[PDB]
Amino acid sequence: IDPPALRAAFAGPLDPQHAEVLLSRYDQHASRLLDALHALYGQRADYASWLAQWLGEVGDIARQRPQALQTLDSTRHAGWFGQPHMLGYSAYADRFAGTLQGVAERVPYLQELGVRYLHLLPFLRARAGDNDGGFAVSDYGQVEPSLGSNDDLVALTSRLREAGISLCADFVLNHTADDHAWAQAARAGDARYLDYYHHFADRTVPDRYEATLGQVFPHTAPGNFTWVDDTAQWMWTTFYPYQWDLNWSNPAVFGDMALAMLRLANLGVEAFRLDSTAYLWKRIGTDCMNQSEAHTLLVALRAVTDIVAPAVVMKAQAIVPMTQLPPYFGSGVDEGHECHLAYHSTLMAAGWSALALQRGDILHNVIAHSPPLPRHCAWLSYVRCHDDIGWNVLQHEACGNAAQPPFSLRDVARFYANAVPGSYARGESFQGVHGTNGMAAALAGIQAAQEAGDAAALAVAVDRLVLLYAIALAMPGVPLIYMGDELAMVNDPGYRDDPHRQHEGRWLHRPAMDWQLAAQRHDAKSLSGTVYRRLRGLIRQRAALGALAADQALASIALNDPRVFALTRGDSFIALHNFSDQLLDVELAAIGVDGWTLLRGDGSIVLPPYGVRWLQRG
């Protein structure tokens, strides 16, 4: 290619007043972008032609970036998302406050909680009919009418931004709704857009891929491939049948998606949850996951953002085994130049496992096996979310090692399914071992306690819930609270009586916000008020501990008491966790300390059942 030629295409649509800063960033990241793109599409006859054109469109989008956001681009500090005041909150805009304007009216609630990061679930145009809770996107550039307009989105981000809250939005970049403008163009016979997806005239290729492909909905939707009349072909569909996998091997797809992303950024979104990002690249003979190219694709999108909107962050999802997570942060030449965040799905699943089995040693294993985060990278740590808990990511760990004996994922799954006598949990099986649905409060024993009017059990359960969250709060990066958990909200059986949802078990833990329950957060004596106060405590404390910043180290101290989990941050902070229902103490000699206690140390630390203690070493 011809660098000066490509740079000129990019510049040009730029405003003379901002041309200097942008061209400066373009000069330091462009090469990475170009190398990534070349490895992906360099062999194509129309490469150089597409690049130049595309680059010209990237520059025009760069010019349209509102001044306030450009200023943010220049003032924001790298690794900003990893500061100790960062607290995350995830929820559906509709379940939470009806519309985007309604959500804006609720910002005072988020501010009171201490939220600085707000993830709104899919809110862009979704397929008519069932749209997988918004995950079948029909237009990446338009808010879903029932939720509002693009104007409300902009007004919302401006409101959140002044409250120090960064909007995280889903970029469902692996697949589109089958009614997206592209699928409709494809369905109409437009070969150009038909090529934006994976399509096959026969069952030939599908049969092959299926030989080594796993399944996301083995029961509900063995839909991994679908025959579509309109296109007269088999369409790759990893998820529901109406969600078509995009063909990222086509530069057109890459170019249009990078643009879509930059337009969202321009509307004020600061963080992009790259949904199903492990499935991006398809290659025969492979499970088509975590492929090397998927990573190159991410490096490219990352370069595009470093140049056009550096204040923006990319968060990888990927529900995969531990060894597959860290590479989303970039590898070798590209380490530190891929995703800034990754959901620590292993830590989260390991937490519920540790709780059911009353084994702190399982958490020690996860942390010990958690490699140190690269420069300006961090974890998205969490307790629950809109999805089912995927246990199978803990297979390797379940096998056990020299320090930790084996554990049964099957036993854990049954415990939370309440298919085993004595269980305080009330969840359900989703799709052998696979997944479990249910609210945190429902899994922690709170729902069962309330169900039986047993105050003793309720308190113990509150402890279990707080325990799990204390861990996420002690982690380097963004601890994401799932809507309602701060009030101990329980399951929502309502979907069962709904022909539109009864088929999707995950609705069990996707309730509408209980604002009357929210008002109780004040009555310190109420359950909600109690849970809310305990969490609020840990949040205010973590905000005051520079030792918890993402740049500080994360490690765990090996103990011979299987029930305890000792987590350390930097060299001055240690959090002790008792995952058993038994009172016990941790000897200071077992952690090499002798000091302070957070929101006084001389002798072992006594930890009640399911208790947590934060201490400042020394």
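Throughout, we count residues from 1 along the sequence that is shown.
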Between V606 and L607 - deposited residues without coordinates, as a size class: none
Where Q431 meets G432 in the shown sequence, the number of deposited residues left unmodelled: 4 to 9
Mean C-alpha temperature factor, higher of 411-419 and 215-223: 215-223
69-77 set against 264-272, stretch whose average Cα temperature factor tops the other in the entry: 69-77
C-alpha B-factor winner, where the candidates are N401, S345, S90, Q516: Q516
Selection by C-alpha B-factor (highest) of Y26, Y47, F565, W54: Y47
B-factor third for the C-alpha atom of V21 within its chain: middle
B-factor third for the C-alpha atom of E210 within its chain: highest
Ranked against its chain, the third holding the CA B-factor of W596: highest
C288 CA temperature factor, ranked by third within the chain: highest
Third of chain Cα B-factors occupied by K282: highest
